[PDB]
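Peer 1: Dropping in entry.cif, which is mmCIF, C-alpha atoms and all ligand atoms:
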```cif
data_upload
#
loop_
_atom_site.label_atom_id
_atom_site.label_comp_id
_atom_site.auth_asym_id
_atom_site.auth_seq_id
_atom_site.Cartn_x
_atom_site.Cartn_y
_atom_site.Cartn_z
CA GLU A 1 -40.62 -13.03 2.35
CA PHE A 2 -40.08 -10.40 -0.33
CA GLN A 3 -41.52 -7.92 2.15
CA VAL A 4 -39.07 -8.94 4.89
CA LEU A 5 -36.10 -8.96 2.52
CA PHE A 6 -37.26 -5.54 1.32
CA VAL A 7 -37.33 -4.18 4.86
CA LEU A 8 -34.04 -5.84 5.81
CA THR A 9 -32.35 -4.38 2.73
CA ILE A 10 -33.69 -0.90 3.56
CA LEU A 11 -32.34 -0.95 7.12
CA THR A 12 -28.93 -2.10 5.92
CA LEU A 13 -28.80 0.75 3.40
CA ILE A 14 -29.97 3.25 6.03
CA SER A 15 -27.13 2.16 8.30
CA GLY A 16 -24.61 2.63 5.52
CA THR A 17 -26.07 6.01 4.62
CA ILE A 18 -25.73 7.22 8.17
CA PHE A 19 -22.22 5.82 8.56
CA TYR A 20 -20.69 7.27 5.42
CA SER A 21 -22.32 10.68 5.73
CA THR A 22 -21.02 10.92 9.30
CA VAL A 23 -17.57 9.32 9.34
CA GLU A 24 -16.61 9.88 5.71
CA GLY A 25 -18.49 13.15 5.41
CA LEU A 26 -20.47 12.30 2.29
CA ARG A 27 -23.72 14.03 1.38
CA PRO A 28 -26.52 11.60 2.34
CA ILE A 29 -27.39 10.78 -1.28
CA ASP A 30 -23.73 10.04 -1.99
CA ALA A 31 -23.54 7.89 1.15
CA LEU A 32 -26.58 5.93 -0.01
CA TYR A 33 -25.17 5.63 -3.52
CA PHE A 34 -21.85 4.30 -2.15
CA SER A 35 -23.66 1.83 0.10
CA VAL A 36 -25.69 0.50 -2.82
CA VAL A 37 -22.83 0.08 -5.29
CA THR A 38 -20.65 -1.47 -2.61
CA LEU A 39 -23.20 -4.09 -1.50
CA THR A 40 -24.18 -4.98 -5.06
CA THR A 41 -20.42 -5.23 -5.90
CA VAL A 42 -20.71 -2.65 -8.70
CA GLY A 43 -18.24 -0.45 -6.79
CA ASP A 44 -17.39 3.21 -7.38
CA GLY A 45 -14.43 4.34 -9.43
CA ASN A 46 -14.16 7.69 -7.70
CA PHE A 47 -14.68 7.21 -3.95
CA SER A 48 -13.06 4.81 -1.45
CA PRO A 49 -13.23 5.39 2.34
CA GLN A 50 -10.45 7.69 3.42
CA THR A 51 -10.47 6.91 7.16
CA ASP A 52 -9.38 3.67 8.81
CA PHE A 53 -12.74 3.51 10.59
CA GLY A 54 -14.42 3.74 7.18
CA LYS A 55 -12.20 0.99 5.73
CA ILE A 56 -12.89 -1.38 8.61
CA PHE A 57 -16.62 -0.67 8.56
CA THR A 58 -16.74 -1.21 4.78
CA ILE A 59 -15.03 -4.60 5.15
CA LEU A 60 -17.57 -5.74 7.73
CA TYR A 61 -20.45 -4.09 5.87
CA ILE A 62 -19.62 -6.01 2.69
CA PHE A 63 -19.45 -9.39 4.40
CA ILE A 64 -22.70 -8.91 6.29
CA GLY A 65 -24.67 -7.09 3.58
CA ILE A 66 -23.80 -8.80 0.30
CA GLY A 67 -25.77 -11.93 1.20
CA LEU A 68 -28.93 -10.04 2.10
CA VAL A 69 -28.83 -7.67 -0.85
CA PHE A 70 -28.50 -10.46 -3.40
CA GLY A 71 -31.16 -12.60 -1.77
CA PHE A 72 -33.46 -9.60 -2.16
CA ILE A 73 -32.43 -9.09 -5.75
CA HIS A 74 -32.97 -12.83 -6.20
CA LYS A 75 -36.54 -12.91 -4.88
CA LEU A 76 -37.32 -9.55 -6.47
CA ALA A 77 -36.55 -10.97 -9.91
CA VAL A 78 -37.78 -14.53 -9.39
CA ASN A 79 -40.89 -13.69 -7.35
CA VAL A 80 -41.90 -10.24 -8.57
CA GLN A 81 -40.98 -9.78 -12.22
CA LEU A 82 -40.66 -13.36 -13.45
CA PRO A 83 -44.48 -13.83 -13.44
CA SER A 84 -45.33 -10.20 -14.17
CA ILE A 85 -43.49 -10.50 -17.51
CA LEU A 86 -44.19 -14.22 -17.82
CA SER A 87 -47.83 -13.22 -17.44
CA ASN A 88 -48.41 -11.55 -20.78
CA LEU A 89 -46.28 -14.23 -22.40
CA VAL A 90 -49.49 -16.23 -21.93
CA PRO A 91 -51.50 -15.56 -25.14
CA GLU B 1 -18.52 -25.81 8.23
CA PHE B 2 -19.12 -22.12 8.86
CA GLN B 3 -16.18 -22.31 11.26
CA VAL B 4 -13.88 -23.84 8.63
CA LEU B 5 -15.00 -21.41 5.93
CA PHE B 6 -14.44 -18.62 8.45
CA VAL B 7 -10.88 -19.78 9.15
CA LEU B 8 -10.14 -20.42 5.46
CA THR B 9 -11.37 -16.93 4.55
CA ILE B 10 -9.20 -15.38 7.28
CA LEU B 11 -6.01 -17.08 6.08
CA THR B 12 -6.68 -16.02 2.50
CA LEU B 13 -7.14 -12.40 3.60
CA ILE B 14 -4.00 -12.57 5.77
CA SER B 15 -2.01 -13.74 2.76
CA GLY B 16 -3.31 -10.87 0.67
CA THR B 17 -2.61 -8.39 3.45
CA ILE B 18 0.97 -9.52 3.70
CA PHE B 19 1.47 -9.56 -0.06
CA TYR B 20 0.15 -6.11 -0.84
CA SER B 21 1.79 -4.39 2.12
CA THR B 22 5.12 -5.91 1.08
CA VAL B 23 5.22 -5.90 -2.72
CA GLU B 24 2.87 -3.00 -3.37
CA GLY B 25 3.88 -1.09 -0.25
CA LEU B 26 0.39 -0.52 1.13
CA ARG B 27 -0.28 0.16 4.80
CA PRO B 28 -1.56 -3.14 6.26
CA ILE B 29 -5.13 -1.86 6.66
CA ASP B 30 -5.12 -0.71 3.04
CA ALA B 31 -3.71 -4.08 1.96
CA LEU B 32 -6.50 -5.86 3.83
CA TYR B 33 -9.09 -3.49 2.40
CA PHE B 34 -7.82 -4.12 -1.15
CA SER B 35 -7.82 -7.88 -0.58
CA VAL B 36 -11.41 -7.79 0.64
CA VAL B 37 -12.86 -5.64 -2.14
CA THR B 38 -10.95 -7.61 -4.75
CA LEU B 39 -12.15 -11.05 -3.59
CA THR B 40 -15.75 -9.89 -3.14
CA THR B 41 -15.55 -8.28 -6.63
CA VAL B 42 -16.48 -4.83 -5.27
CA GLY B 43 -13.11 -3.54 -6.52
CA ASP B 44 -11.40 -0.25 -5.70
CA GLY B 45 -11.64 2.82 -7.88
CA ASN B 46 -8.39 4.30 -6.65
CA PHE B 47 -5.78 1.53 -6.36
CA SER B 48 -4.63 -1.15 -8.84
CA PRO B 49 -1.34 -3.06 -8.40
CA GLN B 50 1.51 -1.08 -9.89
CA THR B 51 4.08 -3.90 -10.17
CA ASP B 52 3.96 -6.85 -12.55
CA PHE B 53 4.41 -9.19 -9.58
CA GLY B 54 1.34 -7.56 -8.00
CA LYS B 55 -0.69 -7.92 -11.21
CA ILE B 56 0.15 -11.59 -11.59
CA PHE B 57 -0.50 -12.33 -7.93
CA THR B 58 -3.85 -10.50 -8.09
CA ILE B 59 -4.92 -12.58 -11.10
CA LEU B 60 -4.14 -15.83 -9.29
CA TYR B 61 -5.51 -14.51 -6.00
CA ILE B 62 -8.87 -13.71 -7.61
CA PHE B 63 -9.26 -17.12 -9.23
CA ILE B 64 -8.37 -19.02 -6.08
CA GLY B 65 -10.09 -16.77 -3.53
CA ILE B 66 -13.39 -15.74 -5.09
CA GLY B 67 -14.88 -19.22 -4.67
CA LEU B 68 -13.99 -19.48 -1.00
CA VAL B 69 -15.05 -15.96 -0.08
CA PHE B 70 -18.50 -16.34 -1.62
CA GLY B 71 -19.06 -19.78 -0.14
CA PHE B 72 -18.38 -18.17 3.23
CA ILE B 73 -20.71 -15.29 2.50
CA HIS B 74 -23.21 -17.91 1.34
CA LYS B 75 -23.15 -19.99 4.53
CA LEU B 76 -22.84 -16.88 6.69
CA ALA B 77 -26.15 -15.58 5.35
CA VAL B 78 -27.97 -18.89 4.90
CA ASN B 79 -26.72 -20.57 8.09
CA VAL B 80 -26.11 -17.69 10.50
CA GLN B 81 -28.54 -14.86 9.84
CA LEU B 82 -31.36 -16.61 7.97
CA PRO B 83 -32.62 -18.26 11.21
CA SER B 84 -31.49 -15.50 13.55
CA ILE B 85 -33.84 -13.08 11.73
CA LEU B 86 -36.26 -15.82 10.73
CA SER B 87 -36.40 -16.59 14.45
CA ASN B 88 -38.33 -13.57 15.67
CA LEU B 89 -40.50 -13.81 12.57
CA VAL B 90 -42.06 -16.64 14.59
CA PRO B 91 -44.80 -14.93 16.66
CA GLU C 1 -14.74 -30.97 -17.18
CA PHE C 2 -12.42 -28.88 -15.03
CA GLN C 3 -9.82 -29.44 -17.73
CA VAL C 4 -12.12 -28.19 -20.50
CA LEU C 5 -13.29 -25.19 -18.46
CA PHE C 6 -9.62 -24.50 -17.72
CA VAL C 7 -8.74 -24.53 -21.42
CA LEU C 8 -11.83 -22.53 -22.40
CA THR C 9 -11.02 -19.89 -19.79
CA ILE C 10 -7.42 -19.65 -21.03
CA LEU C 11 -8.44 -19.06 -24.65
CA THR C 12 -10.92 -16.38 -23.62
CA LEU C 13 -8.22 -14.58 -21.63
CA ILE C 14 -5.74 -14.92 -24.50
CA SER C 15 -8.24 -13.28 -26.83
CA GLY C 16 -8.73 -10.40 -24.43
CA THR C 17 -4.98 -10.03 -23.95
CA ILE C 18 -4.43 -9.77 -27.67
CA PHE C 19 -7.33 -7.38 -28.17
CA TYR C 20 -6.46 -4.87 -25.48
CA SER C 21 -2.73 -4.83 -26.18
CA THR C 22 -3.48 -4.16 -29.85
CA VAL C 23 -6.50 -1.85 -29.97
CA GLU C 24 -6.09 -0.17 -26.59
CA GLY C 25 -2.30 -0.31 -26.65
CA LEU C 26 -1.82 -1.92 -23.25
CA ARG C 27 1.31 -3.86 -22.32
CA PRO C 28 0.36 -7.56 -22.58
CA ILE C 29 0.41 -8.10 -18.81
CA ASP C 30 -1.87 -5.10 -18.35
CA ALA C 31 -4.16 -6.40 -21.10
CA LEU C 32 -4.36 -9.77 -19.35
CA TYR C 33 -4.94 -8.09 -15.99
CA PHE C 34 -7.77 -5.98 -17.44
CA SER C 35 -9.33 -9.04 -19.08
CA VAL C 36 -9.27 -10.95 -15.80
CA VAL C 37 -10.73 -8.22 -13.58
CA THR C 38 -13.37 -7.43 -16.18
CA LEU C 39 -14.60 -11.02 -16.59
CA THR C 40 -14.58 -11.70 -12.85
CA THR C 41 -16.46 -8.37 -12.35
CA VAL C 42 -13.77 -7.01 -10.00
CA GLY C 43 -13.18 -4.17 -12.48
CA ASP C 44 -10.30 -1.69 -12.58
CA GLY C 45 -10.47 1.76 -11.04
CA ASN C 46 -7.82 3.20 -13.31
CA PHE C 47 -8.37 1.92 -16.86
CA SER C 48 -11.49 1.87 -19.09
CA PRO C 49 -11.27 1.36 -22.88
CA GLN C 50 -10.65 4.66 -24.60
CA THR C 51 -11.70 3.68 -28.13
CA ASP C 52 -15.22 2.92 -29.34
CA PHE C 53 -13.97 -0.39 -30.73
CA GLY C 54 -12.65 -1.22 -27.25
CA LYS C 55 -15.96 -0.26 -25.61
CA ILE C 56 -18.00 -2.39 -27.97
CA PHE C 57 -15.64 -5.34 -27.67
CA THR C 58 -15.69 -5.07 -23.87
CA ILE C 59 -19.50 -5.14 -23.84
CA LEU C 60 -19.58 -8.31 -25.93
CA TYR C 61 -16.60 -9.80 -24.09
CA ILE C 62 -18.36 -9.41 -20.74
CA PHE C 63 -21.59 -11.04 -21.89
CA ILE C 64 -19.85 -14.00 -23.49
CA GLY C 65 -17.06 -14.48 -20.94
CA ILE C 66 -18.64 -13.95 -17.53
CA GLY C 67 -20.57 -17.22 -17.70
CA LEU C 68 -17.53 -19.30 -18.59
CA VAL C 69 -15.20 -17.68 -16.09
CA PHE C 70 -17.55 -18.22 -13.16
CA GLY C 71 -18.36 -21.78 -14.15
CA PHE C 72 -14.61 -22.40 -14.03
CA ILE C 73 -14.29 -20.68 -10.68
CA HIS C 74 -17.28 -22.75 -9.58
CA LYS C 75 -15.83 -26.14 -10.51
CA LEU C 76 -12.35 -25.07 -9.41
CA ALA C 77 -13.61 -24.47 -5.88
CA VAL C 78 -16.23 -27.23 -5.69
CA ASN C 79 -14.24 -29.92 -7.52
CA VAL C 80 -10.61 -29.07 -6.79
CA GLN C 81 -10.27 -27.46 -3.37
CA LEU C 82 -13.46 -28.58 -1.62
CA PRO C 83 -12.09 -32.15 -1.17
CA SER C 84 -8.43 -31.16 -0.96
CA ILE C 85 -9.22 -29.13 2.18
CA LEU C 86 -12.14 -31.35 3.16
CA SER C 87 -9.61 -34.17 2.99
CA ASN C 88 -7.53 -33.39 6.05
CA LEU C 89 -10.72 -32.45 7.87
CA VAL C 90 -11.04 -36.25 8.06
CA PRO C 91 -9.20 -37.19 11.29
CA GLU D 1 -36.85 -18.19 -23.06
CA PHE D 2 -33.39 -17.16 -24.23
CA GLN D 3 -35.16 -15.06 -26.84
CA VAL D 4 -37.31 -13.29 -24.24
CA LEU D 5 -34.39 -12.74 -21.87
CA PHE D 6 -32.44 -11.42 -24.86
CA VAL D 7 -35.18 -8.92 -25.70
CA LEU D 8 -35.73 -7.95 -22.06
CA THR D 9 -32.00 -7.33 -21.61
CA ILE D 10 -31.91 -5.17 -24.76
CA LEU D 11 -34.77 -2.93 -23.61
CA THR D 12 -33.17 -2.46 -20.21
CA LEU D 13 -29.88 -1.43 -21.83
CA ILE D 14 -31.70 0.90 -24.24
CA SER D 15 -33.36 2.62 -21.29
CA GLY D 16 -30.02 3.10 -19.58
CA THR D 17 -28.44 4.37 -22.78
CA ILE D 18 -31.13 6.98 -23.20
CA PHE D 19 -31.03 8.01 -19.55
CA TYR D 20 -27.29 8.51 -19.22
CA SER D 21 -26.84 10.24 -22.57
CA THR D 22 -29.62 12.66 -21.63
CA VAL D 23 -29.28 13.37 -17.91
CA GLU D 24 -25.57 12.71 -17.52
CA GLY D 25 -24.67 13.94 -20.98
CA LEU D 26 -22.68 10.90 -22.09
CA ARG D 27 -22.14 10.02 -25.74
CA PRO D 28 -24.59 7.17 -26.51
CA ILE D 29 -21.84 4.54 -26.75
CA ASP D 30 -20.48 5.66 -23.39
CA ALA D 31 -24.00 5.57 -21.92
CA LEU D 32 -24.45 2.02 -23.19
CA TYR D 33 -21.01 1.03 -21.91
CA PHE D 34 -21.81 2.44 -18.45
CA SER D 35 -25.17 0.67 -18.39
CA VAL D 36 -23.55 -2.65 -19.25
CA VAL D 37 -20.71 -2.51 -16.73
CA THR D 38 -23.07 -1.29 -14.03
CA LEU D 39 -25.65 -4.06 -14.50
CA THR D 40 -23.01 -6.79 -14.77
CA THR D 41 -21.33 -5.32 -11.62
CA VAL D 42 -18.00 -4.82 -13.43
CA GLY D 43 -18.31 -1.08 -12.75
CA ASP D 44 -16.29 1.76 -14.26
CA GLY D 45 -13.26 3.28 -12.59
CA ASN D 46 -13.59 6.59 -14.37
CA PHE D 47 -17.27 7.60 -14.46
CA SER D 48 -19.91 7.83 -11.70
CA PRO D 49 -23.17 9.80 -12.15
CA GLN D 50 -22.61 13.43 -11.29
CA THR D 51 -26.25 14.48 -10.81
CA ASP D 52 -28.56 13.44 -7.98
CA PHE D 53 -31.11 12.31 -10.56
CA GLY D 54 -28.41 10.08 -12.07
CA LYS D 55 -27.47 8.65 -8.66
CA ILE D 56 -31.05 7.82 -7.77
CA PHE D 57 -31.76 6.32 -11.18
CA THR D 58 -28.58 4.22 -10.99
CA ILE D 59 -29.62 2.84 -7.59
CA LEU D 60 -33.01 1.78 -8.91
CA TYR D 61 -31.54 0.62 -12.22
CA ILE D 62 -29.12 -1.71 -10.44
CA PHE D 63 -31.77 -3.31 -8.26
CA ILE D 64 -34.18 -3.89 -11.13
CA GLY D 65 -31.65 -4.81 -13.83
CA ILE D 66 -29.05 -7.01 -12.14
CA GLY D 67 -31.46 -9.94 -11.83
CA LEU D 68 -32.47 -9.87 -15.49
CA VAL D 69 -28.97 -9.38 -16.85
CA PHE D 70 -27.55 -12.34 -14.94
CA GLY D 71 -30.47 -14.61 -15.77
CA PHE D 72 -29.70 -13.83 -19.42
CA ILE D 73 -26.01 -14.48 -18.93
CA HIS D 74 -27.04 -17.66 -17.13
CA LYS D 75 -29.21 -19.06 -19.92
CA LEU D 76 -26.83 -17.75 -22.58
CA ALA D 77 -24.01 -19.86 -21.15
CA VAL D 78 -26.04 -22.87 -19.99
CA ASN D 79 -28.42 -23.04 -22.97
CA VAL D 80 -26.40 -21.61 -25.86
CA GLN D 81 -22.72 -22.38 -25.43
CA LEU D 82 -22.76 -25.33 -23.03
CA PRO D 83 -23.95 -27.71 -25.82
CA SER D 84 -22.27 -25.86 -28.68
CA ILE D 85 -18.87 -26.55 -27.06
CA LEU D 86 -20.06 -29.74 -25.39
CA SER D 87 -21.04 -30.81 -28.90
CA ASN D 88 -17.61 -31.37 -30.40
CA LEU D 89 -16.50 -32.88 -27.10
CA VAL D 90 -18.47 -35.84 -28.47
CA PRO D 91 -15.89 -37.82 -30.50
CS CS E 101 -16.90 -4.28 -9.41
NA NA E 102 -19.47 -8.50 -8.94
NA NA E 103 -15.72 -2.33 -9.63
#
```
Please lay out the structure from this file as structure tokens.
Peer 2:
Amino acid sequence: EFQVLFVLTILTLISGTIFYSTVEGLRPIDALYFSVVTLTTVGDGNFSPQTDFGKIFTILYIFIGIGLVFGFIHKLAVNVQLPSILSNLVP
Amino acid sequence: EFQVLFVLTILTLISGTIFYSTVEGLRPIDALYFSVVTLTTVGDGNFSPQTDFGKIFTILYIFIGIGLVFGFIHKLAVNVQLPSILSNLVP
Amino acid sequence: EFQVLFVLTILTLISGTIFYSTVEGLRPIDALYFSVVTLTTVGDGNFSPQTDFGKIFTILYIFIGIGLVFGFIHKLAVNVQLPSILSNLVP
Amino acid sequence: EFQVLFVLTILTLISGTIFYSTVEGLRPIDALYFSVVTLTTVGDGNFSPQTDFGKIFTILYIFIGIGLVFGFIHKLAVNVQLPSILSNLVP
């Protein structure tokens, strides 16, 4: 579960990284950064896609990727750190 | 369900597209982009409504549209891609 | 319920409107706009508090107001438009 | 519970404050502000990490911290202000 969501999240971010570095000309790390802050809804106050292709892709990317990214964040917190921390809480 | 949420989301985005292209003077694609990033809470780091009418509309738009947009994203992920991916997971 | 959340949301936004117009010097409508996009997490790509008092207030404001604002958005969609739309869906 | 989430949220914000003031050179209050708006997804329309180290840290920081911060906001609203307000509601 967490493993599949992990993999699925990675592929989604790879796709965004490739798209923005190619169509929007960002350095790969910047493309990955943009993909991450966009899908987590944090957003970026400096960059917004400048091409129409980039704007359309971003719209579709958000709708398809937000669900997956938060499910991963959900399981990551509830199934990977909840107990880990909740562990020591046990005297 | 997913079909109705799909339609309802489309109409909401059409309304935003028309509003921002008219009152804020954005190109239609930019108006649609702004509507999408606003309702998904991603936001835009470049554009903010410049007119008071645009600011008031945006406030109301957010309150009325956030719920619908996320419900759609919710069902879209839980009822359209959960199984699709979860399908192959079956050996 | 929806009425109390409505009132509670209004008071929270009034407080933000007064704070930002006074300490950050925004026009009241801009102060209200900032308060709304901050508590809904949409954010603004143009304005960020410039004073330390404004930064500290914003931090506390977010933590205390996000919960209330989304609960309101939650009930507003689930208890005010779900049926309204779901109504006609009935042949 | 609320006490542990409170503590856990504080440590996460302290880590971000130290990181951004050091690597990105922000004043401590600005580093704390950035950490808060990033983890709550509000975002900042002015600042984005300028170094690759800052971009990578921010990506990891978001994934690990969003879950905790919202759980805290969740319990804070549902277990600390729900009754407090809901209290007087009792005639
Ligand atoms: Cs945002
Ligand atoms: Na958000
Ligand atoms: Na934002």
Peer 1: What does the distance between CA of residue 44 (chain B) and CA of residue 15 (chain C) come to in Å, to one decimal place?
Peer 2: 25.0 Å
Peer 1: Pick out the residues no farther than 10 Å from ligand NA 103 (chain E), counting all atoms listed in the file, and list them as a PyMOL selection string.
Peer 2: (chain A and resi 37-38+40-45) or (chain B and resi 37-38+40-45) or (chain C and resi 37-38+40-45) or (chain D and resi 37-38+40-45)
Peer 1: Of the candidates D:22, D:35, D:46, D:3, which shows the shortest atom-to-atom distance to chain B, using all atoms listed in the file?
Peer 2: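 Nearest candidate to chain B out of D:22, D:35, D:46, D:3: D:46.
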Peer 1: Counting all atoms listed in the file, which residue out of D:85, D:78, D:5, D:39 sits closest to ligand NA 102 (chain E)?
Peer 2: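 Of D:85, D:78, D:5, D:39, the one nearest ligand NA 102 (chain E), counting all atoms listed in the file, is D:39.
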Peer 1: Write out the coordinates of chain B as a compact mmCIF listing (two decimals) with C-alpha atoms, in the coordinates of the input after a least-squares overlay onto chain A built on all ordered Cα pairs.
Peer 2:
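Output contents, as saved in result_0.txt:
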```txt
# COMPACT_ATOMS: atom_id res chain seq x y z
CA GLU B 1 -40.62 -13.03 2.35
CA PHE B 2 -40.08 -10.40 -0.33
CA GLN B 3 -41.52 -7.92 2.16
CA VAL B 4 -39.07 -8.94 4.89
CA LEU B 5 -36.10 -8.96 2.51
CA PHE B 6 -37.26 -5.54 1.31
CA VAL B 7 -37.33 -4.17 4.87
CA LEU B 8 -34.03 -5.85 5.81
CA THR B 9 -32.34 -4.38 2.73
CA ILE B 10 -33.69 -0.90 3.56
CA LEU B 11 -32.34 -0.95 7.12
CA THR B 12 -28.93 -2.10 5.92
CA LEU B 13 -28.80 0.75 3.39
CA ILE B 14 -29.97 3.26 6.03
CA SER B 15 -27.13 2.16 8.30
CA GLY B 16 -24.61 2.63 5.52
CA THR B 17 -26.07 6.01 4.62
CA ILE B 18 -25.73 7.22 8.16
CA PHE B 19 -22.22 5.82 8.55
CA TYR B 20 -20.69 7.27 5.42
CA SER B 21 -22.32 10.68 5.73
CA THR B 22 -21.02 10.91 9.30
CA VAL B 23 -17.57 9.32 9.34
CA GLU B 24 -16.61 9.87 5.72
CA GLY B 25 -18.49 13.16 5.41
CA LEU B 26 -20.47 12.30 2.29
CA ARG B 27 -23.72 14.03 1.38
CA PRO B 28 -26.51 11.60 2.34
CA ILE B 29 -27.39 10.78 -1.28
CA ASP B 30 -23.73 10.04 -1.99
CA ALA B 31 -23.54 7.89 1.14
CA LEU B 32 -26.58 5.92 -0.01
CA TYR B 33 -25.17 5.63 -3.52
CA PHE B 34 -21.86 4.30 -2.15
CA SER B 35 -23.66 1.83 0.10
CA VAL B 36 -25.69 0.51 -2.82
CA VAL B 37 -22.84 0.07 -5.29
CA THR B 38 -20.65 -1.47 -2.60
CA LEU B 39 -23.20 -4.09 -1.49
CA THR B 40 -24.17 -4.98 -5.07
CA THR B 41 -20.42 -5.23 -5.90
CA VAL B 42 -20.71 -2.64 -8.70
CA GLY B 43 -18.24 -0.45 -6.79
CA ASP B 44 -17.39 3.20 -7.38
CA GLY B 45 -14.43 4.34 -9.43
CA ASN B 46 -14.16 7.69 -7.70
CA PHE B 47 -14.68 7.21 -3.95
CA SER B 48 -13.06 4.81 -1.45
CA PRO B 49 -13.23 5.38 2.34
CA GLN B 50 -10.45 7.69 3.42
CA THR B 51 -10.48 6.91 7.16
CA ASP B 52 -9.38 3.67 8.81
CA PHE B 53 -12.74 3.51 10.60
CA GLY B 54 -14.42 3.74 7.18
CA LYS B 55 -12.20 0.99 5.74
CA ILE B 56 -12.90 -1.38 8.61
CA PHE B 57 -16.62 -0.67 8.56
CA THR B 58 -16.74 -1.21 4.78
CA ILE B 59 -15.04 -4.60 5.14
CA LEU B 60 -17.57 -5.74 7.73
CA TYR B 61 -20.45 -4.09 5.87
CA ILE B 62 -19.62 -6.01 2.69
CA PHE B 63 -19.44 -9.39 4.40
CA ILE B 64 -22.69 -8.92 6.28
CA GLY B 65 -24.67 -7.10 3.58
CA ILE B 66 -23.80 -8.80 0.31
CA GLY B 67 -25.77 -11.93 1.20
CA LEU B 68 -28.93 -10.04 2.10
CA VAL B 69 -28.83 -7.67 -0.85
CA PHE B 70 -28.50 -10.46 -3.40
CA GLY B 71 -31.16 -12.60 -1.77
CA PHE B 72 -33.46 -9.61 -2.16
CA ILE B 73 -32.43 -9.09 -5.76
CA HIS B 74 -32.96 -12.83 -6.20
CA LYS B 75 -36.53 -12.91 -4.88
CA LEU B 76 -37.32 -9.55 -6.47
CA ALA B 77 -36.55 -10.97 -9.91
CA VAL B 78 -37.77 -14.54 -9.39
CA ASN B 79 -40.89 -13.69 -7.36
CA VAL B 80 -41.90 -10.23 -8.57
CA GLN B 81 -40.99 -9.77 -12.22
CA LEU B 82 -40.66 -13.36 -13.45
CA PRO B 83 -44.48 -13.82 -13.44
CA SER B 84 -45.33 -10.20 -14.16
CA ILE B 85 -43.49 -10.50 -17.51
CA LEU B 86 -44.18 -14.22 -17.82
CA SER B 87 -47.83 -13.23 -17.43
CA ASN B 88 -48.41 -11.54 -20.78
CA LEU B 89 -46.28 -14.23 -22.40
CA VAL B 90 -49.49 -16.23 -21.94
CA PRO B 91 -51.50 -15.56 -25.14
```
Peer 1: If we count only C-alpha atoms, what is near residue 77 (chain B) at a cut-off of 8 Å, once residues fewer than 6 positions away on the same chain are taken out, given as a CSV table (one decimal) with C-alpha atoms, keeping the file's coordinate frame?
Peer 2:
```csv
chain,number,residue,atom,x,y,z
A,64,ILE,CA,-22.7,-8.9,6.3
A,67,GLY,CA,-25.8,-11.9,1.2
A,68,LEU,CA,-28.9,-10.0,2.1
```
Peer 1: Quick check, in Å to one decimal: how far apart do CA of residue 23 (chain A) and CA of residue 60 (chain A) lie?
Peer 2: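 Interatomic distance here is 15.1 Å.
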Peer 1: Identify the residues within 12 Å of coordinate (-11.6, -2.4, -25.8) (same frame as the file), considering all atoms listed in the file, and give the answer as a VMD selection string.
Peer 2: (chain C and resid 15 to 26 31 34 to 35 38 47 to 62) or (chain D and resid 33)
Peer 1: Just the number, please: distance in Å from CA of residue 32 (chain C) to CA of residue 9 (chain C), one decimal.
Peer 2: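 Straight-line distance from CA of residue 32 (chain C) to CA of residue 9 (chain C) works out to 12.1 Å.
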Peer 1: Looking at D:36, D:69, D:29, D:88, which one is nearest to ligand CS 101 (chain E), with distances taken over all atoms listed in the file?
Peer 2: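 Closest residue, counting all atoms listed in the file: D:36.
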Peer 1: Using only C-alpha atoms and all ligand atoms, which residue out of D:82, D:76, D:66, D:90 lies closest to ligand NA 102 (chain E)?
Peer 2: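 Looking at the shortest contact to ligand NA 102 (chain E), the residue is D:66.
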